[PDB]
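Residues in the sequence shown are numbered consecutively from 15, following our numbering.
For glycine and all other residues, C-beta sits at the position ideal for the given N, C-alpha and C.
So the structure is just underneath, and the comments pick up after that.
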Amino acid sequence: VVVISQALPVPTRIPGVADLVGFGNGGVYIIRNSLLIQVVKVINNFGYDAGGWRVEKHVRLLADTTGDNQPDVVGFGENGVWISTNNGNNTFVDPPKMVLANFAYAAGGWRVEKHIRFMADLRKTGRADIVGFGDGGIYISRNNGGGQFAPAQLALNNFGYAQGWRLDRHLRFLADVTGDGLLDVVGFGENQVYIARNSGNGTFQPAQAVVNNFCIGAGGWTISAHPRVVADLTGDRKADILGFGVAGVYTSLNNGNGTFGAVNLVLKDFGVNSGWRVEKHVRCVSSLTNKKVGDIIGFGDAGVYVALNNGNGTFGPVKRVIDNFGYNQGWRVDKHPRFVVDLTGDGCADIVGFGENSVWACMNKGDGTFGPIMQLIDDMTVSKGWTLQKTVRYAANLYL
Ligand SMILES: CC(=O)N[C@H]1[C@H](O[C@@H]2[C@@H](O)[C@H](O)O[C@H](CO)[C@@H]2O)O[C@H](CO)[C@@H](O)[C@@H]1O
Ligand SMILES: CC(=O)N[C@H]1[C@H](O[C@@H]2[C@@H](O)[C@H](O)O[C@H](CO)[C@@H]2O)O[C@H](CO)[C@@H](O)[C@@H]1O
Ligand SMILES: CC(=O)N[C@H]1[C@H](O[C@@H]2[C@@H](O)[C@H](O)O[C@H](CO)[C@@H]2O)O[C@H](CO)[C@@H](O)[C@@H]1O
Ligand SMILES: CC(=O)N[C@H]1[C@H](O[C@@H]2[C@@H](O)[C@H](O)O[C@H](CO)[C@@H]2O)O[C@H](CO)[C@@H](O)[C@@H]1O
Ligand SMILES: CC(=O)N[C@H]1[C@H](O[C@@H]2[C@@H](O)[C@H](O)O[C@H](CO)[C@@H]2O)O[C@H](CO)[C@@H](O)[C@@H]1O
Ligand SMILES: CC(=O)N[C@@H]1[C@@H](O)[C@H](O)[C@@H](CO)O[C@@H]1O
Ligand SMILES: [Ca+2]
Ligand SMILES: [Ca+2]
Ligand SMILES: [Ca+2]
């Protein structure tokens, strides 16, 4: 089940044994999930010093652009889109190749502060197309294989800067809301959540308002205080809506056809009223049990809090599953990336954090409870010069 969000543009597999990837000063480095835990440099590019890559101008992702289920390195650079393909053996093509003179800072006028760039398999080809929410609307470049990307085309004249879409007010996602397996657009706009149905052919149907909530102008949902996710809360592979609001967690369940039901307060925690603050805490939805549905995970003050989904979008009690990864243990949103991702292959998401001095993990027992914290390795951390301003780090399934 693939959902692409602004916060998590690189989806991960359930089950999986996700790797760690880092775009450091000197290039691209990986920690292969395996019996030997080490940092390996794979490309002398896509780095602050290796190619002049900047977080304020360029976009760096992992995505399968060839169709072999081994994600490639994709960077939206200064004058075009650059790709280093995955060789399958802990190496990548170096140097990367320039596949399209668009979607770039000085080619097409793309801006981190104004626009969104994703890679997604929008036509079920098995290959990721380039997808951008730009000025005029959503632009796609078809991945025709073999490094051949077609000229960018307007997929739909909406969800663009020109239609009032703003990173400081609104949210945009790609997610299948119909069940046909095609990722549709989900946008939390000014006054409505809208969807736009993927027609399969590089176009989206007109925006349709589905929910008059979860937006700044409909309920007072703000970017700085009230995060929102799109995720399957029921198990039918159709995405639902979840928001962390003031009183707690609100949901709107998919009716099954890309229309959405009533908005309900389903849990009185993980909200502003329980102390949660975007500036100090991390809130995620991931599958932590064999039910294969969105459970709630929060990196709070004292540790990690979890509420398990009963299977139908209603939730059990909140339990502090570990007394670590929290604000009280030194964890800072502007320094220490945290992800909820299967690292062990059992289908139950685990925890990994890039800490001050070590990368730390903590493994799901298989039932949504967790074991003790493990120090994985002393690298890819603040202490080794990895900052949010100069580097990008992800959990990603590089080998499949
Ligand atoms: C960030 C980026 O795109 N780096 C690639 C580099 O891009 C340079 C631009 O940074 C510079 O402004 O202009 C030239 C065109 O004159 C390039 O497009 O190009 C490198 C290859 O020369 C590539 O390795 C970098 O990844
Ligand atoms: C950002 C956004 O939601 N854009 C949509 C646009 O939204 C406008 C608001 O920007 C404006 O503040 O108020 C009006 C209603 O009074 C709309 O909600 O509306 C468009 C028309 O539906 C839509 O296509 C844009 O995406
Ligand atoms: C962002 C959010 O939680 N919106 C929901 C709305 O929340 C308001 C608060 O914005 C305000 O601070 O406090 C009051 C209670 O006195 C509410 O909790 O509540 C709406 C339901 O009443 C809900 O639809 C909004 O999404
Ligand atoms: C943000 C957060 O962690 N909220 C949980 C709440 O945490 C509070 C702390 O915010 C505060 O600093 O101290 C008290 C204890 O002195 C709690 O740790 O704790 C709640 C109950 O455990 C939990 O429901 C909140 O989600
Ligand atoms: C944020 C983080 O890495 N927390 C772990 C903690 O790391 C600390 C740093 O917060 C501190 O600034 O430096 C010291 C060394 O003096 C540690 O590296 O270490 C804790 C246990 O060793 C761990 O539980 C925190 O998660
Ligand atoms: C930010 C943005 O949408 N840029 C697009 C660009 O990619 C596209 O090729 C061009 C075509 O007219 O128009 C805009 O300039
Ligand atoms: Ca669909
Ligand atoms: Ca569902
Ligand atoms: Ca696991």
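Please name the residue or residues paired with residue i in a DSSP beta bridge.
| i | result |
| --- | --- |
| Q167 | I154 |
| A118 | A121 |
| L75 | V88 |
| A321 | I310 |
| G257 | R242 and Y264 |
| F173 | In DSSP, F173 forms no bridge with anything. |
| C229 | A232 and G233 |
| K111 | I97 |
| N212 | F218 |
| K333 | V320 |
| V17 | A189 |
| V347 | Per DSSP, none; premise fails for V347. |
| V207 | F202 and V225 |
| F384 | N378 |
Using the C-alpha atoms, what's the distance from residue j back to residue i?
| i | j | result |
| --- | --- | --- |
| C376 | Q389 | 9 Å |
| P351 | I387 | 16 Å |
| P110 | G65 | 11 Å |
| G160 | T80 | 7 Å |
| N39 | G61 | 5 Å |
| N269 | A253 | 10 Å |
| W67 | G399 | 16 Å |
| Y43 | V35 | 6 Å |
| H129 | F147 | 6 Å |
| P331 | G257 | 18 Å |
| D82 | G289 | 44 Å |
| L196 | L267 | 19 Å |
| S301 | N324 | 12 Å |
| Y408 | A223 | 33 Å |
| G30 | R141 | 20 Å |
| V54 | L414 | 19 Å |
| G122 | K379 | 48 Å |
| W374 | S48 | 15 Å |
| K404 | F37 | 9 Å |
| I144 | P25 | 15 Å |
| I365 | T99 | 28 Å |
| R211 | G262 | 30 Å |
The beta strand (DSSP E) that contains residue i, what's its start and end?
| i | result |
| --- | --- |
| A223 | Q222 to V225 |
| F147 | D143 to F147 |
| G161 | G161 -> no beta strand (DSSP E), and no H or E assigned at all. |
| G38 | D33 to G38 |
| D246 | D246 -> no beta strand (DSSP E), and no H or E assigned at all. |
| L185 | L185 to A189 |
| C298 | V296 to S300 |
| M394 | Here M394 belongs to no beta strand (DSSP E), and DSSP marks it neither H nor E. |
| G41 | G41 to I45 |
| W374 | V373 to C376 |
| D198 | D198 to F202 |
| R352 | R352 to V355 |
| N278 | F274 to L281 |
| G367 | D364 to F368 |
| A409 | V406 to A410 |
| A134 | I130 to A134 |
| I51 | Per DSSP, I51 belongs to no beta strand (DSSP E) and is neither H nor E. |
Checking contacts by CB at 8 Å: is residue i closer than that to chain C?
| i | result |
| --- | --- |
| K282 | Of the protein chains in the structure, only one exists, and it is not chain C. |
Legend entry - Pocket of ligand 9 defined by Cβ to heavy atom distance under 5 Å: Residues with a Cβ closer than 5 Å to any heavy atom of ligand 9, in chain order: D356, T358, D360, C362, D364 and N378.
Legend entry - Neighbouring residues (CB closer than 6 Å to any heavy atom of ligand 1): In chain order, the residues positioned with their C-beta nearer than 6 Å to some heavy atom of ligand 1 are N59, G65, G66, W67, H72, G91, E92, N93, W96 and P109.
Legend entry - Touching by the beta-carbon criterion (3+ pairs, under 8 Å), the region 306-314 and the region 286-297: Touching, yes.
Legend entry - For review: beta carbons within less than 6 Å of any heavy atom in ligand 2: Close to ligand 2, as judged by a C-beta nearer than 6 Å to any of its heavy atoms, are the residues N172, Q177, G178, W179, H184, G203, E204, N205 and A221, in chain order.
Legend entry - the region 115-134 / the region 159-179 touching (three or more Cβ pairs under 8 Å): Short answer: they touch.
Inset, instruction - Decide yes or no for the touch test of the region 81-95 against the region 55-73: beta carbon pairs closer than 8 Å, at least 3 of them. - result: Flag = yes, the region 81-95 and the region 55-73 touch.
Legend entry - Closer than 6 Å to ligand 3: residues, by C-beta to nearest heavy atom, in chain order: Going along the chain, the residues that qualify are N227, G233, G234, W235, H240, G259, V260, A261, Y264 and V277.
Legend entry - At least 3 beta-carbon pairs within less than 8 Å: the region 269-285 vs the region 346-362: In short, these stretches do not touch, since the Cβ pair count stays below three.
Legend entry - Inter-stretch contact at 8 Å, needing at least 3 Cβ pairs: the region 197-206 / the region 226-236: As far as the Cβ criterion goes, the region 197-206 touches the region 226-236, which means the pair count is three or higher.
Legend entry - the region 228-248 in contact with the region 204-213 per 3-pair CB rule at 8 Å: By the Cβ test, the region 228-248 is in contact with the region 204-213, since at least three Cβ pairs between them sit closer than 8 Å.
Inset, instruction - Would you check if there are 3 or more beta carbon pairs closer than 8 Å linking the region 301-310 to the region 242-250? - result: A contact exists between the region 301-310 and the region 242-250.
Inset, instruction - Give me every residue whose Cβ sits closer than 6 Å to any heavy atom of ligand 4, in chain order. - result: Put simply, the residues with a CB less than 6 Å from any heavy atom of ligand 4 are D283, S288, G289, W290, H295, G314, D315, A316, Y319 and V332, in chain order.
Legend entry - Below 5 Å from a heavy atom of ligand 7 - residues by beta-carbon: That gives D190, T192, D194, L196 and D198.
Legend entry - Residues surrounding ligand 8 [beta-carbon distance to nearest heavy atom under 7 Å]: Shown in chain order are the residues whose CB sits closer than 7 Å to a heavy atom of ligand 8: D246, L247, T248, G249, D250, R251, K252, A253, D254, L267 and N268.
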